[PDB]
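To begin, one chain is listed below as structure tokens, in the form deposited without the named molecule.
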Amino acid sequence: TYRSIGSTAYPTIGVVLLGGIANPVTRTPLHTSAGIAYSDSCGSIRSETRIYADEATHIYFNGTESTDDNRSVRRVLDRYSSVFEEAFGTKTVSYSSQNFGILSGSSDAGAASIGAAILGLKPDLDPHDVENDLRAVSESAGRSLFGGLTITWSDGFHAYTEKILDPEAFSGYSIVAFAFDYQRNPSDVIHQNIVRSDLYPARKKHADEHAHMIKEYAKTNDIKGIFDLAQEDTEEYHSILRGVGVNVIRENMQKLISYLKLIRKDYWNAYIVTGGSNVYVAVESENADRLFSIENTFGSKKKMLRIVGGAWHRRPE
């Protein structure tokens, strides 16, 4: 007796960076990882989803209907067919997705907002179980589903996401994102190449250690400790990637990073580079406008970001 439900989720940044998935269908992370959901101050940077009763199955991405390259979304929609039967009176549903202002981490947001829609129609479903199905759409969906600072434990067969700190724990902090024009390496290029490194078995253990250290830091809200560690993790991650032919940190990004080391002598900052052509800089809020004003950006564009919460839905219509 309903016909439609809308949902929203926020994009994510890794703080213990994931590389390697169990297989391209289920996409279970091969090791433990960690991340944060982000948006701007108005929450306008976001991914929105609508799932709705239809006569035939349509899938739309940013307004554009898709004919293929949509098997993962379709798979999730089929597995929860009974949820749509019960709430809408039909198994036949269409899906519409729209991204706003996202830098990196958009597929995570898209996956979580699907989960939020499904959870909105059947709220006694276990979000940790639903997350398992969402990973087929994006392997780090849990970061956006649960929001704040999360850890996703994984042995490559089972993975489990837990929220470690609320977005409020980061209210004294900001992230200035520097967005560069370099074409990014696709997610799958990173996953495929990183597992070739003979450093990879150690990397899996180190990622899990970093997650435990982050959880320790969380006990006393040592946010600087967490971002300092994320930067260390960033540098190991990309060191390994460069060794198997994947160079994310391109020339002007290296130049920005060098400059960041200079001003770190003046006031605290720490940076993160995920899979895309962005440099994310954490900074105490009292220095955020200062950092945001630097003129030496080496061609990049600046966005002011903050840590935000998990995915949510509107009332079904």
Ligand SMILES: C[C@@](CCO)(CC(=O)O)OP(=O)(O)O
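From 1 onward, residues are counted along the sequence shown.
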{"property": "Stretch with the greater mean C-alpha B-factor as recorded in the entry, comparing 65-73 against 24-32", "result": "65-73"}
{"property": "Stretch with the higher entry mean CA B-factor, where the candidates are 181-189 and 200-208", "result": "181-189"}
{"property": "C-alpha B-factor winner, where the candidates are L256, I45, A282, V273", "result": "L256"}
{"property": "Which of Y80, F100, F170, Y160 ranks first by CA B-factor in the deposited coordinates", "result": "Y80"}
{"property": "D155 by Cα B-factor - lowest, middle or highest third of the modelled chain", "result": "highest"}
{"property": "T234 - Cα temperature factor, lowest/middle/highest third of chain", "result": "lowest"}
{"property": "Ranked C-alpha temperature factor of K224 among modelled chain residues, by third", "result": "middle"}
{"property": "Assigned third (lowest, middle, highest) for the C-alpha B factor of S104", "result": "highest"}
{"property": "Chain-wide C-alpha B factor ranking for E86, given as lowest, middle or highest third", "result": "highest"}
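Keep in mind that the form solved in complex with the named molecule is missing from the display, and what follows is about it.
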item	value
In the bound PDB entry, the residue from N132, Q231, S197, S187 that sits within 4.5 Å of the named molecule by heavy atoms	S187
Residue contact check: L18 to the named molecule in the bound PDB entry, 4.5 Å heavy atom	yes
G147, heavy atom within 4.5 angstroms of the named molecule in the bound PDB entry	no
Contact flag, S39 vs the named molecule in the bound PDB entry, heavy atom cut 4.5 Å	no
Exercise: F227 in contact with the named molecule in the bound PDB entry, heavy atom 4.5 Å	no
Location of the named molecule contact in the bound PDB entry, chosen stretch of 212-220, 137-145, 170-178, 78-86 [non-hydrogen atom, 4.5 Å]	137-145
